[PDB]
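Presented below is the structure to which this report refers.
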Number of protein chains: 2
Amino acid sequence: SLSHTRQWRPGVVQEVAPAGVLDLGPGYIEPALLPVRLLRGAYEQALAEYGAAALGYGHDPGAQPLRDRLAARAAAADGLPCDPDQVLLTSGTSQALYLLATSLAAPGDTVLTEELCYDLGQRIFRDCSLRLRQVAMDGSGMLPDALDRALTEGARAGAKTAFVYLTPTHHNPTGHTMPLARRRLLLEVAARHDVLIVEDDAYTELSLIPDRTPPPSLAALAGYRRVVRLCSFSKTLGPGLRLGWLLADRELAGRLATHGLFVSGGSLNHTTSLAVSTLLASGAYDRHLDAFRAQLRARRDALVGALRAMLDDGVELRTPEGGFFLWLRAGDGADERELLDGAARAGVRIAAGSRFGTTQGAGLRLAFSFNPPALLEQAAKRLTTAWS
Amino acid sequence: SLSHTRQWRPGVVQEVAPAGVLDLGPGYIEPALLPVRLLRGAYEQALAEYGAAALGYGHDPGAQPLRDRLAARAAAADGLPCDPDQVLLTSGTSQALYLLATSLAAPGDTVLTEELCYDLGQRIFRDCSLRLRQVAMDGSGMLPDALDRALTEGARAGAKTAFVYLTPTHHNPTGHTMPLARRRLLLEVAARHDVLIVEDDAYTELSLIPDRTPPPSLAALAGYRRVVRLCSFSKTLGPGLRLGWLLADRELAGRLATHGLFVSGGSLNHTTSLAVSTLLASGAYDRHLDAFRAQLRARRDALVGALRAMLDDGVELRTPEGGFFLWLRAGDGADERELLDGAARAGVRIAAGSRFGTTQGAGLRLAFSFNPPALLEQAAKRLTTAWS
Ligand SMILES: Cc1ncc(COP(=O)(O)O)c(CN)c1O
Ligand SMILES: Cc1ncc(COP(=O)(O)O)c(CN)c1O
């Protein structure tokens with residue numbers, strides 16, 4: 001296989017856990033599952049098909065063939081319209097978050113987030129000199145009354161809210177999916193205060209129950225009024241590609257794409273976008289997603305099945321409908337450090353819930369994306385044994 | 001055969017001139033000269049060599065093999081040391097300028113530039129809410145006394161200076177190269193005021209006399225104190241790749257690389273960086289550069305030689321030692337619009353000097369990078385006919 005690990009080493013990849021550690025920490029894709037061979041063929045085809053145009057400056061919002069297909073995919077998933085002029089290619093959601101935090105917000109502005117949300121996203125906002133304020137959540141995500149109060153309070157305090165940051169589908173870290181009714185209630189609150197929502201949908205294509213799909217995006221439900229949606233190829237084809245996209249209404253997408261950043265450099269990742277375009281065009285992307293989702297489902301079920309047969313009675317686990325993560329809620333007198341100590345005795349790396357915000361009791365995030373079923377089962381056995 | 005133009009069309013590439021126009025406007029690489037076949041092999045080689053590691057998140061400051069080689073190349077060119085921990089990979093200088101304008105500057109800060117400088121760079125700074133202030137220049141670039149006055153007056157007014165932006169080698173648009181003595185004088189002024197210099201060196205590798213190398217960078221001459229240097233593969237391999245790098249002192253490179261942007265997304269363009277790394281490793285990059293510099297030299301010499309008649313007619317032209325551009329100065333009584341109207345009658349697109357700042361009399365930028373010598377000669381003939 002071309003998905004070998006001979007160069008999966010510090011200094012090449014972002015992080016490698018210490019030797020001997022079964023790594024359920026990061027939401028990385030298992031190396032054997034990364035579609036190296038598919039992307040090799042994609043670059044081969046794209047460079048032949050697009051020729052010199054693959055190496056020239058790209059069309060500023062992104063090559064139109066990819067724009068067109070991404071809009072059509074959004075519309076099909078939402079059941080609601082999406083025009084190509086609403087789409088703007090990015091070099092990854094991390095870069096898109098940086099762009100929004102510096103172009104749709106100014107230093108000192110506040111970003112409202114759920115009590116638990118993406119830790120490195122918070123770090124982007126903080127490092128862009130934005131203030132963070134958490135909002136109470138339940139098993140369906142941000143609570144509408146709590147958001148209403150936070151926006152009302154912020155106003156009276158003179159705290160300008162730049163945007164509300166939400167990951168509504170296959171939430172990082174809890175795995176939950178916000179249902180339609182909650183989505184509408186949060187949009188109503190945001191509209192009343194006329195505050196922008198930034199909807200980070202990195203896991204949207206990773207529903208693990210076949211023939212089930214997430215509810216329509218916040219952006220589509222709002223008719224793209226005062227919502228920007230961020231999507232990425234990181235969790236479907238490979239994070240190293242540094243390619244994603246952004247959906248907004250035509251006016252805002254157009255405004256962003258006329259920034260000097262885009263006029264100076266063109267499409268934010270042109271050559272790679274054409275490679276990925278060839279995969280969408282041929283159906284190979286969807287064939288890959290079907291196989292990958294089936295691989296993730298098997299890993300989810302192996303990890304859930306082992307933990308459930310083995311966990312203590314006080315630990316609660318809600319099977320996620322998709323994405324990369326399980327969320328364990330111990331609560332009670334259970335101590336996060338004590339649980340992490342058990343993970344260390346087990347030789348397993350997991351992610352501490354406190355990284356993501358405030359938990360009711362103790363919470364732990366475990367990834368099932370990075371290891372095969374048998375190793376996940378072994379990690380659950382070891383964790384269970386240590387924790388008993 | 002792979003550097004074809006069958007997809008060199010609106011919606012794929014950034015811009016295409018109107019039909020029938022000989023395009024000496026943009027500093028684009030002639031499509032036939034873009035090394036499509038070379039990059040195809042590079043992606044094939046990188047994905048086979050690096051395997052799954054080419055599609056995972058990359059090492060945050062950039063894969064070490066590329067860092068190490070870029071540091072060594074800087075050291076060789078400067079004749080002065082550069083360590084790999086001083087190098088950060090970027091997704092192009094446009095992105096790097098955005099990052100610096102929003103991380104090392106805040107809205108309302110001033111950027112000092114030469115009276116003539118990169119127009120789309122100015123647009124990045126303005127769209128990031130920075131104020132621009134032009135500083136007088138001569139044939140060697142920014143004047144030190146003028147920079148000192150600009151900084152001293154800014155300090156008097158409490159106008160925070162974010163940085164001084166300079167392109168010292170094969171300047172866009174004039175083509176000049178700042179000599180060593182002027183580089184040191186500017187560094188002395190900036191050091192006394194403790195202001196950062198952002199040194200944009202997009203054309204540094206494009207000296208068109210095979211034995212000649214530019215002077216050492218401002219950054220190296222300063223010992224990387226209070227200078228950040230930006231480099232790109234746009235002008236050497238292809239702008240669509242969206243790949244460049246940044247050189248700074250270890251402390252600043254390290255601080256930038258711990259930003260949430262890099263922790264969240266890893267290397268800013270991982271897969272493409274590995275393809276390009278394989279070209280550096282084999283010598284193929286340098287062999288390409290030798291051939292491409294020879295092609296540019298032929299184009300420069302063709303265009304310059306053909307403009308002989310105009311120069312003897314009062315138009316002034318200083319032949320550039322490198323880069324992509326010629327700069328014509330028409331003098332007094334010549335009007336830029338009149339000259340542009342003649343270009344229109346000639347069916348030739350050129351770049352108005354007013355795009356870049358304040359000219360002494362009329363100035364025009366002509367690119368020799370985008371067309372073969374015969375077409376450049378025909379454009380010169382038509383221009384001279386229209387202007388006579
Ligand atoms: C919610 C969320 N958004 C964004 C990202 C990263 O986005 P990208 O790889 O496209 O930069 C992650 C992966 N940790 C994530 O979990
Ligand atoms: C001075 C200068 N800097 C940067 C760029 C563009 O940089 P990049 O393609 O790496 O984004 C150009 C191209 N016009 C330039 O002339």
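Here, A, B, ... name the chains of the structure tokens in the order displayed, residue numbers run from 1 inside each chain, and ligands are numbered from 1 in the same displayed order.
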
Dump as a compact mmCIF listing (two decimals) with N, CA, C and O atoms, in the first residue's frame the residues of chain B that approach chain A to within 7 Å, counting only C-alpha atoms.
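What landed in part-v6.txt:
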# COMPACT_ATOMS: atom_id res chain seq x y z
N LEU B 2 2.60 18.98 -21.35
CA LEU B 2 1.68 19.17 -20.24
C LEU B 2 1.50 20.63 -19.87
O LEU B 2 0.60 20.91 -19.09
N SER B 3 2.28 21.56 -20.43
CA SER B 3 2.09 22.97 -20.10
C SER B 3 1.16 23.65 -21.11
O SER B 3 1.42 24.74 -21.61
N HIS B 4 0.06 22.96 -21.40
CA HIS B 4 -0.91 23.45 -22.37
C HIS B 4 -1.83 24.48 -21.73
O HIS B 4 -1.89 24.62 -20.50
N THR B 5 -2.56 25.20 -22.59
CA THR B 5 -3.44 26.29 -22.16
C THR B 5 -4.91 25.99 -22.40
O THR B 5 -5.71 26.92 -22.44
N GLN B 7 -7.08 24.93 -20.47
CA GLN B 7 -7.91 25.32 -19.33
C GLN B 7 -7.49 26.68 -18.79
O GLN B 7 -7.87 27.05 -17.65
N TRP B 8 -6.74 27.45 -19.58
CA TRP B 8 -6.27 28.76 -19.18
C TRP B 8 -7.38 29.74 -19.52
O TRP B 8 -7.35 30.43 -20.55
N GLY B 11 -12.46 31.75 -14.63
CA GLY B 11 -13.03 30.81 -13.73
C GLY B 11 -12.09 29.70 -13.32
O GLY B 11 -12.34 29.02 -12.32
N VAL B 12 -10.99 29.52 -14.04
CA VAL B 12 -9.94 28.59 -13.63
C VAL B 12 -8.71 29.34 -13.16
O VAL B 12 -8.30 29.19 -12.02
N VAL B 13 -8.12 30.16 -14.03
CA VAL B 13 -7.01 31.00 -13.64
C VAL B 13 -7.51 32.36 -13.18
O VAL B 13 -8.69 32.71 -13.34
N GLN B 14 -6.62 33.13 -12.59
CA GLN B 14 -7.02 34.35 -11.91
C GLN B 14 -7.61 35.38 -12.86
O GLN B 14 -8.64 36.02 -12.55
N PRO B 31 2.68 30.39 -19.88
CA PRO B 31 2.21 29.03 -19.54
C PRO B 31 3.14 27.93 -20.01
O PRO B 31 3.37 26.97 -19.27
N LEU B 34 5.73 27.05 -17.45
CA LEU B 34 5.38 26.53 -16.13
C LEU B 34 5.74 25.05 -16.09
O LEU B 34 5.45 24.32 -17.05
N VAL B 36 4.93 21.96 -15.46
CA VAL B 36 3.84 21.06 -15.09
C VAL B 36 4.35 19.63 -14.97
O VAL B 36 4.05 18.94 -13.99
N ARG B 40 4.24 17.24 -11.72
CA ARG B 40 3.54 15.96 -11.72
C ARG B 40 4.42 14.89 -11.11
O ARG B 40 4.01 14.16 -10.20
N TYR B 43 4.73 15.33 -7.19
CA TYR B 43 3.63 14.79 -6.41
C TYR B 43 3.67 13.26 -6.39
O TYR B 43 3.47 12.64 -5.34
N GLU B 44 3.94 12.64 -7.53
CA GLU B 44 4.06 11.18 -7.57
C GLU B 44 5.14 10.72 -6.60
O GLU B 44 4.94 9.76 -5.83
N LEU B 47 4.26 11.40 -2.71
CA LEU B 47 3.24 10.55 -2.14
C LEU B 47 3.76 9.13 -1.98
O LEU B 47 3.48 8.48 -0.98
N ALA B 48 4.61 8.68 -2.89
CA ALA B 48 5.23 7.36 -2.71
C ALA B 48 6.25 7.37 -1.56
O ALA B 48 6.29 6.43 -0.76
N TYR B 50 6.68 9.66 1.05
CA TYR B 50 6.15 10.03 2.36
C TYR B 50 4.89 9.24 2.74
O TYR B 50 4.53 9.20 3.92
N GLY B 51 4.22 8.62 1.78
CA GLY B 51 3.09 7.77 2.12
C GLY B 51 2.00 8.52 2.88
O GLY B 51 1.65 9.67 2.58
N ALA B 52 1.45 7.85 3.89
CA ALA B 52 0.36 8.45 4.66
C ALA B 52 0.77 9.78 5.28
O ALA B 52 -0.07 10.66 5.46
N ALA B 53 2.05 9.94 5.62
CA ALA B 53 2.53 11.17 6.23
C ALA B 53 2.35 12.38 5.31
O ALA B 53 2.33 13.51 5.80
N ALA B 54 2.20 12.16 4.01
CA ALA B 54 1.94 13.27 3.11
C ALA B 54 0.51 13.78 3.21
O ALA B 54 0.26 14.94 2.85
N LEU B 55 -0.42 12.96 3.72
CA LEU B 55 -1.82 13.38 3.86
C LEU B 55 -2.25 13.66 5.30
O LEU B 55 -3.30 14.26 5.51
N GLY B 56 -1.46 13.29 6.31
CA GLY B 56 -1.76 13.68 7.67
C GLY B 56 -1.45 15.15 7.91
O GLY B 56 -0.90 15.84 7.06
N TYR B 57 -1.84 15.65 9.09
CA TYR B 57 -1.43 17.00 9.49
C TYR B 57 0.09 17.08 9.45
O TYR B 57 0.77 16.19 9.96
N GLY B 58 0.62 18.16 8.87
CA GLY B 58 2.06 18.36 8.83
C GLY B 58 2.60 19.03 10.08
O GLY B 58 1.93 19.80 10.76
N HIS B 59 3.88 18.75 10.35
CA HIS B 59 4.65 19.49 11.34
C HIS B 59 4.39 20.99 11.26
O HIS B 59 4.50 21.59 10.18
N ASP B 60 4.01 21.59 12.39
CA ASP B 60 3.43 22.94 12.37
C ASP B 60 4.25 24.00 11.63
O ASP B 60 3.68 24.75 10.83
N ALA B 63 7.33 20.78 7.24
CA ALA B 63 8.15 19.58 7.27
C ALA B 63 9.64 19.91 7.34
O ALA B 63 10.15 20.75 6.58
N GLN B 64 10.32 19.22 8.24
CA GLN B 64 11.72 19.51 8.50
C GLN B 64 12.60 19.36 7.27
O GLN B 64 13.55 20.16 7.12
N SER B 94 1.35 36.11 -0.21
CA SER B 94 0.11 36.83 0.04
C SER B 94 -0.48 36.45 1.40
O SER B 94 -0.86 37.32 2.19
N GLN B 95 -0.56 35.15 1.67
CA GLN B 95 -1.01 34.69 2.97
C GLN B 95 -0.07 35.16 4.08
O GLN B 95 -0.53 35.58 5.15
N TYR B 98 -0.76 38.75 4.91
CA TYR B 98 -1.99 38.81 5.69
C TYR B 98 -1.72 38.47 7.15
O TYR B 98 -2.15 39.19 8.07
N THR B 102 -1.95 41.21 10.40
CA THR B 102 -2.97 41.01 11.41
C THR B 102 -2.42 40.44 12.72
O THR B 102 -3.14 40.47 13.73
N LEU B 120 -0.59 45.15 -5.03
CA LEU B 120 -1.53 44.26 -4.36
C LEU B 120 -1.11 44.02 -2.92
O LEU B 120 -1.95 43.74 -2.08
N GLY B 121 0.18 44.22 -2.63
CA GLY B 121 0.62 44.21 -1.25
C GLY B 121 0.02 45.37 -0.47
O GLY B 121 -0.48 45.18 0.64
N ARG B 123 -2.74 46.68 -1.11
CA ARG B 123 -4.15 46.37 -0.93
C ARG B 123 -4.36 45.43 0.25
O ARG B 123 -5.32 45.59 1.01
N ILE B 124 -3.46 44.45 0.44
CA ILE B 124 -3.56 43.59 1.63
C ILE B 124 -3.51 44.45 2.89
O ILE B 124 -4.34 44.30 3.80
N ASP B 127 -6.69 46.57 3.33
CA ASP B 127 -7.85 45.76 3.68
C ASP B 127 -7.74 45.15 5.07
O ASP B 127 -8.77 44.76 5.64
N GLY B 238 5.56 28.09 -9.76
CA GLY B 238 4.17 28.22 -10.11
C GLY B 238 3.38 28.84 -8.99
O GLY B 238 3.28 28.33 -7.89
N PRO B 239 2.71 29.95 -9.30
CA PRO B 239 1.92 30.61 -8.26
C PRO B 239 0.76 29.78 -7.72
O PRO B 239 0.39 29.94 -6.55
N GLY B 240 0.21 28.88 -8.53
CA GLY B 240 -0.94 28.11 -8.09
C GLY B 240 -0.63 27.14 -6.97
O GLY B 240 -1.54 26.68 -6.29
N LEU B 241 0.65 26.83 -6.77
CA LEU B 241 1.05 25.91 -5.71
C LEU B 241 0.74 26.45 -4.33
O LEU B 241 0.61 25.67 -3.39
N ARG B 242 0.70 27.77 -4.15
CA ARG B 242 0.42 28.39 -2.85
C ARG B 242 1.39 27.89 -1.78
O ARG B 242 1.00 27.33 -0.76
N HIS B 259 1.15 29.96 17.29
CA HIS B 259 -0.19 30.52 17.12
C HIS B 259 -1.20 29.40 16.88
O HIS B 259 -0.89 28.39 16.22
N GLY B 260 -2.40 29.58 17.40
CA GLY B 260 -3.46 28.61 17.17
C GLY B 260 -3.65 28.23 15.72
O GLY B 260 -4.03 27.10 15.41
N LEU B 261 -3.38 29.15 14.79
CA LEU B 261 -3.48 28.84 13.37
C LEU B 261 -2.66 27.61 13.01
O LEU B 261 -3.15 26.69 12.34
N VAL B 263 -1.18 25.45 15.31
CA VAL B 263 -1.50 24.29 16.14
C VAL B 263 -2.75 23.60 15.62
O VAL B 263 -2.82 22.37 15.60
N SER B 264 -3.74 24.37 15.16
CA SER B 264 -4.98 23.77 14.66
C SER B 264 -4.78 23.06 13.32
O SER B 264 -5.29 21.95 13.12
N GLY B 265 -4.09 23.69 12.37
CA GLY B 265 -4.03 23.17 11.02
C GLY B 265 -2.76 22.48 10.59
O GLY B 265 -2.71 21.91 9.50
N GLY B 266 -1.72 22.53 11.42
CA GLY B 266 -0.43 22.05 11.03
C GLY B 266 0.20 22.94 9.97
O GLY B 266 -0.19 24.10 9.76
N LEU B 268 1.14 24.93 6.86
CA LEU B 268 0.16 25.68 6.09
C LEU B 268 -0.07 25.13 4.69
O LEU B 268 -1.11 25.45 4.09
N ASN B 269 0.84 24.32 4.14
CA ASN B 269 0.51 23.62 2.90
C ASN B 269 1.37 22.36 2.84
O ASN B 269 2.41 22.31 2.19
N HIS B 270 0.91 21.32 3.53
CA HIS B 270 1.77 20.17 3.78
C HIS B 270 2.01 19.33 2.53
O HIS B 270 3.17 19.06 2.17
N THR B 271 0.95 18.87 1.85
CA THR B 271 1.16 17.92 0.76
C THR B 271 2.02 18.53 -0.34
O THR B 271 2.99 17.92 -0.80

**Item:** Long-range neighbours of residue 348 of chain B as a PyMOL selection string, 8 Å cut-off, only C-alpha atoms, 2 positions minimum in chain
**Value:** chain B and resi 21-24+343-346+350+379+382-383

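The spacing separating atom CA of residue 218 of chain A from atom CA of residue 163 of chain A amounts to 13.8 Å.
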
**Message:** Report as a ChimeraX atom specification all protein, DNA and RNA residues lying within 9 Å of residue 116 of chain B, evaluated on only C-alpha atoms, omitting residues in the same chain fewer than 6 positions from it.
**Reply:** /B:134-137,172-174,353-359

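For segment 152-159 of chain B, the list of residues within 12 Å, based on only C-alpha atoms and with local chain neighbours fewer than 5 positions off taken out, reads residues 106, 107, 108, 109, 110, 111, 112, 130, 131, 132, 133, 135, 145, 146, 147, 189, 190, 192, 193, 194 and 195 of chain B.
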
**Item:** residue 79 of chain A environment, 12 Å, only C-alpha atoms, sequence neighbours closer than 4 positions dropped, as a ChimeraX atom specification
**Value:** /A:71-75,213-217,220-221,223

Could you write those residues out with N, CA, C and O atoms, as an mmCIF file, in the first residue's frame?
data_model
loop_
_atom_site.group_PDB
_atom_site.id
_atom_site.type_symbol
_atom_site.label_atom_id
_atom_site.label_comp_id
_atom_site.auth_asym_id
_atom_site.auth_seq_id
_atom_site.Cartn_x
_atom_site.Cartn_y
_atom_site.Cartn_z
ATOM 1 N N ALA A 71 -21.226 23.662 -4.201
ATOM 2 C CA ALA A 71 -22.561 24.227 -4.003
ATOM 3 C C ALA A 71 -23.638 23.170 -4.184
ATOM 4 O O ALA A 71 -24.600 23.098 -3.410
ATOM 5 N N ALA A 72 -23.516 22.373 -5.240
ATOM 6 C CA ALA A 72 -24.513 21.349 -5.515
ATOM 7 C C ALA A 72 -24.570 20.322 -4.392
ATOM 8 O O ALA A 72 -25.651 19.815 -4.072
ATOM 9 N N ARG A 73 -23.420 20.001 -3.789
ATOM 10 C CA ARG A 73 -23.394 19.036 -2.697
ATOM 11 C C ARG A 73 -24.031 19.612 -1.446
ATOM 12 O O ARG A 73 -24.755 18.912 -0.728
ATOM 13 N N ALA A 74 -23.798 20.896 -1.188
ATOM 14 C CA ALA A 74 -24.424 21.539 -0.042
ATOM 15 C C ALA A 74 -25.929 21.555 -0.209
ATOM 16 O O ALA A 74 -26.673 21.200 0.717
ATOM 17 N N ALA A 75 -26.401 21.927 -1.406
ATOM 18 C CA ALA A 75 -27.838 21.984 -1.628
ATOM 19 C C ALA A 75 -28.461 20.609 -1.465
ATOM 20 O O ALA A 75 -29.532 20.469 -0.874
ATOM 21 N N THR A 213 -28.724 11.256 7.467
ATOM 22 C CA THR A 213 -27.943 12.459 7.236
ATOM 23 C C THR A 213 -28.229 13.461 8.343
ATOM 24 O O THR A 213 -29.310 13.440 8.939
ATOM 25 N N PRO A 214 -27.288 14.357 8.630
ATOM 26 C CA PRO A 214 -27.532 15.382 9.641
ATOM 27 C C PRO A 214 -28.665 16.294 9.211
ATOM 28 O O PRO A 214 -29.051 16.304 8.034
ATOM 29 N N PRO A 215 -29.224 17.070 10.129
ATOM 30 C CA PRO A 215 -30.199 18.086 9.737
ATOM 31 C C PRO A 215 -29.549 19.147 8.867
ATOM 32 O O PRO A 215 -28.308 19.243 8.790
ATOM 33 N N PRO A 216 -30.346 19.970 8.191
ATOM 34 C CA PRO A 216 -29.763 21.029 7.371
ATOM 35 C C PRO A 216 -28.914 21.965 8.216
ATOM 36 O O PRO A 216 -29.148 22.147 9.416
ATOM 37 N N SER A 217 -27.916 22.553 7.568
ATOM 38 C CA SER A 217 -27.012 23.459 8.263
ATOM 39 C C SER A 217 -27.764 24.670 8.808
ATOM 40 O O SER A 217 -28.789 25.091 8.274
ATOM 41 N N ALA A 220 -28.076 27.138 5.907
ATOM 42 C CA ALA A 220 -29.181 26.947 4.968
ATOM 43 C C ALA A 220 -30.518 27.273 5.613
ATOM 44 O O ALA A 220 -31.409 27.838 4.963
ATOM 45 N N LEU A 221 -30.684 26.910 6.885
ATOM 46 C CA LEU A 221 -31.930 27.212 7.582
ATOM 47 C C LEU A 221 -32.158 28.711 7.696
ATOM 48 O O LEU A 221 -33.303 29.164 7.701
ATOM 49 N N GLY A 223 -31.330 30.830 5.425
ATOM 50 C CA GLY A 223 -31.225 31.409 4.098
ATOM 51 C C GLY A 223 -29.921 32.137 3.882
ATOM 52 O O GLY A 223 -29.867 33.100 3.110
#

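As for atom CA of residue 206 of chain A and atom CA of residue 300 of chain A, they are spaced 11.8 Å apart.
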
**Request:** Quick one: pick out all strand (DSSP E) residues within segment 30-129 of chain B from a backbone DSSP run and write them as a PyMOL selection string.
**Result:** chain B and resi 87-90+110-114

Those residues with N, CA and C atoms, as a PDB file, in the first residue's frame please?
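Now in again-v2.pdb:
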ATOM      1  N   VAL B  87      12.986  29.119  10.028  1.00  0.00           N
ATOM      2  CA  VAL B  87      12.152  28.980   8.838  1.00  0.00           C
ATOM      3  C   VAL B  87      10.758  28.521   9.223  1.00  0.00           C
ATOM      4  N   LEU B  88       9.745  29.187   8.664  1.00  0.00           N
ATOM      5  CA  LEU B  88       8.343  28.802   8.756  1.00  0.00           C
ATOM      6  C   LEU B  88       7.809  28.679   7.342  1.00  0.00           C
ATOM      7  N   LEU B  89       7.158  27.556   7.033  1.00  0.00           N
ATOM      8  CA  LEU B  89       6.483  27.468   5.742  1.00  0.00           C
ATOM      9  C   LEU B  89       5.184  28.271   5.732  1.00  0.00           C
ATOM     10  N   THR B  90       4.861  28.825   4.564  1.00  0.00           N
ATOM     11  CA  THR B  90       3.665  29.614   4.351  1.00  0.00           C
ATOM     12  C   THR B  90       2.912  29.017   3.172  1.00  0.00           C
ATOM     13  N   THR B 110       0.471  52.067  11.104  1.00  0.00           N
ATOM     14  CA  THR B 110       1.001  52.505   9.822  1.00  0.00           C
ATOM     15  C   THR B 110       2.035  51.529   9.273  1.00  0.00           C
ATOM     16  N   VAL B 111       1.969  51.278   7.968  1.00  0.00           N
ATOM     17  CA  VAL B 111       3.020  50.583   7.226  1.00  0.00           C
ATOM     18  C   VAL B 111       3.741  51.627   6.386  1.00  0.00           C
ATOM     19  N   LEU B 112       5.064  51.690   6.511  1.00  0.00           N
ATOM     20  CA  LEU B 112       5.850  52.573   5.673  1.00  0.00           C
ATOM     21  C   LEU B 112       6.315  51.807   4.444  1.00  0.00           C
ATOM     22  N   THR B 113       6.133  52.403   3.280  1.00  0.00           N
ATOM     23  CA  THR B 113       6.541  51.775   2.027  1.00  0.00           C
ATOM     24  C   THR B 113       7.315  52.775   1.189  1.00  0.00           C
ATOM     25  N   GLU B 114       7.985  52.258   0.168  1.00  0.00           N
ATOM     26  CA  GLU B 114       8.570  53.136  -0.821  1.00  0.00           C
ATOM     27  C   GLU B 114       7.466  53.838  -1.622  1.00  0.00           C
TER      28      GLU B 114
END

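Counting only C-alpha atoms and all ligand atoms and comparing A:276, A:117, A:219, A:256, the residue that lies closest to ligand 1 is A:117.
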
**Who sits within 10 Å of residue 203 of chain A, only C-alpha atoms, same chain under 2 positions skipped, as a ChimeraX atom specification** = /A:167-172,175,200-201,205-207,231-236,322-324

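In this model, the gap between atom CA of residue 178 of chain B and atom CA of residue 196 of chain B comes to 18.1 Å.
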
**Prompt:** Per DSSP on the backbone, what are the alpha helix (DSSP H) residues of segment 164-273 of chain B, as a ChimeraX atom specification?
**Reply:** /B:180-193,218-221,250-257,260-265,270-273
